[PDB]
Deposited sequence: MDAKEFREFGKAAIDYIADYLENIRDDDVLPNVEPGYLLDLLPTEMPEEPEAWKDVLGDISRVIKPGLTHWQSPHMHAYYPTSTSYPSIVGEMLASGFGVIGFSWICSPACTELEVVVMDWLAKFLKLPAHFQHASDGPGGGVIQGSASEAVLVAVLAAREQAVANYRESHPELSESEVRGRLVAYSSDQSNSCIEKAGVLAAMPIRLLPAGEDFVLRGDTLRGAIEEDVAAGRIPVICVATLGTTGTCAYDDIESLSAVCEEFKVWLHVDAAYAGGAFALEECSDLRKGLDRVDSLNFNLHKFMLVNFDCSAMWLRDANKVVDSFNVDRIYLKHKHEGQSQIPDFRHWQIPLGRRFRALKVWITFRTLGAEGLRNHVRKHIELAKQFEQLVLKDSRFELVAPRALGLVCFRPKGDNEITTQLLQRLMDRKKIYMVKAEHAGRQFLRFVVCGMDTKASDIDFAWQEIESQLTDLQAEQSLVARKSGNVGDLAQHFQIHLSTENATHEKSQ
């Protein structure tokens, strides 16, 4: 394929995407196809001769799209968002065009330096402690990772290596086997499953300690567990706190956990994957309490920043601790698991610049406003109740009565495919999570979701016989 054919293919693809995104709420958010549908539609060998890009592009709509759940839709309410943005799509495409890999400065200087610059930009925008800036004096800095799962994994592995070095150096009569077999780490029982999986991958136990009734993990619980461990001759390694839990968007108490952690020399990592965005807002300032005291923190730009999926930010208070475990312009291949790296800073930069900090703040505030609107609908309706206080873009609620009303209502909504929600459960009680996900989400979209929900409960209950 030569350049002209590329200009034409690419231009038609730009048109295709613009028109997919502008018109997205006209399509069912959930797909109607059965597992295996695609396998049946597509050949079993790659074509021997080259196919025309018009035919391929037409196939996108014919056989791919029907098998998509549309994440970019205002009607997607199921999980924390990916919602991308136009500039982000252009930036990623540009990056793909350069096709450069940043495993060292000379592999391309701009890859690395632009990462340094946008991570500092983001740290200022999120009102993060100064020491998280590269430009700052000190070893602190941020790095773009693939996902929050990877950032959590990095922090856990780094803490495990620093622990087994600080200990074994302190007590060389002990073998690595013994020390490593004595390591223990902690988190909330409300933490994301990526914490657990990191425990498995790190070969280190992660105790999921009970959060309160309010889904908040607290310093006294952690202290208790750590004393229980230390007393037993075990070595406390890292605590992974969560700001913005998956279930209710609960916030662990970082001040008390922090005091405890400094006490016992425990690494404290904060998974802010979703709620990190709200750090940018003065009215959310409470969410930043204790941040000047933690070791590392992650936030997913795709979740709140309108940078398309991939793109997790991780700031370290002291990067040496990672670099020493895995092995002035930073050498980022040492701040990460893999060796090569994509040029992810490009799309981030393009998005920050074309949106502006004002646009970013407005975007977060708009999600908060839409969720507030939804909550008002839940509150006004005598047949529904709130299960948790509203937080950011998330409202947890259920129809009053038995869990099975929740289950049946959700099944009806699933089958209709007009909006997408998932069920959750806490202390035996099942509920529905409504999250505002849209690139384009408007008040009328919230009204649409509520009408759909409210309707389906009306019919559900009008059928009971």
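Taken in order along the deposited sequence, the stretches absent from the coordinates are 328-341, 480-510.
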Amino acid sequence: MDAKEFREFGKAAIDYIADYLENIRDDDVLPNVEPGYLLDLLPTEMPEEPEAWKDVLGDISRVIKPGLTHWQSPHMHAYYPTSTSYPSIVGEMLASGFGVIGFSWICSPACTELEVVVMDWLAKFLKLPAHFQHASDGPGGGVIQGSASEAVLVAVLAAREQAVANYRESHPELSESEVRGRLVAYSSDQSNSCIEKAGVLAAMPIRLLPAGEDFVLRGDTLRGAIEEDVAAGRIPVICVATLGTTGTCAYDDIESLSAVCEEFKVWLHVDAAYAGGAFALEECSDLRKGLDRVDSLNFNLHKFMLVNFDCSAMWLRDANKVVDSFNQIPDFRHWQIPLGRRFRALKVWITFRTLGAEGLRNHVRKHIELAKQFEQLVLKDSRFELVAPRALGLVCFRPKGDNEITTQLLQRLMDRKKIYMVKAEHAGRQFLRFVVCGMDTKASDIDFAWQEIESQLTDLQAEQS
From here on, numbers count along this sequence of modelled residues.
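Relative to its counterpart among 372-380 and 313-321, 313-321 has the higher mean temperature factor, C-alpha atoms as listed in the PDB entry. Between the stretches 443-451 and 13-21, it is 13-21 that shows the larger average CA temperature factor.
Of all the options 358, 385, 292, 92, the entry's greatest CA B-factor is assigned to 292. Remark: of 362, 177, 296, 245, 177 shows the highest value [criterion: C-alpha B-factor in the PDB entry].
When all modelled residues of the chain are sorted by CA temperature factor, residue 429 is found within the highest third.
Among the modelled residues of the chain, residue 272 sits in the lowest third by CA temperature factor in this PDB entry. Looking at the C-alpha B-factors along this chain, the one for residue 167 belongs to the highest third. Per the deposited record, the Cα B-factor of residue 32 falls in the highest third when ranked against the other modelled residues of its chain. The entry lists a Cα temperature factor for residue 264 that places it in the highest third of the chain's modelled residues.
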